[PDB]
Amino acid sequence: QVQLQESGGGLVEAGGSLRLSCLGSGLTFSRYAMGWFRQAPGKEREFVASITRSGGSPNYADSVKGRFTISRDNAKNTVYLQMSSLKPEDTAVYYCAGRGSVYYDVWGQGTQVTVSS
């Protein structure tokens, strides 16, 4: 079974930071472009960040530009989201996703981030 498992969420003050990680198992990790998505309660699942197979051409939702950094370590089968300068609007379930080819077709179960105001 191809699987992704997020960790690192929790409760954090506005202006604060945390780093999510996502571990791939049962796949050739370096063949998957990765992304982070989130679902804020009451809202649609939205794009946060994308990176290529080799860790190139990071791209970001406009709402997180400059504040969030996506990176990966293929030797550890892991992708990271550094979340800084956190705001209340960042409160969401954060999901890790892999794109073997054209679609994000494998998903982590998600980790909660609560920014207190």
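Each residue number is its position in the shown sequence, starting from 1.
Remark: stretch with higher mean C-alpha B factor among 39 to 47 and 76 to 84 is 39 to 47. Among the modelled residues of its chain, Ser57 has a C-alpha B-factor that falls in the middle third, as given in the PDB entry.
Sort the chain's modelled residues by C-alpha temperature factor and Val102 lands in the highest third, per the entry. For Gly9, the recorded CA B-factor ranks within the highest third of the chain. Only modelled residues enter the ranking.
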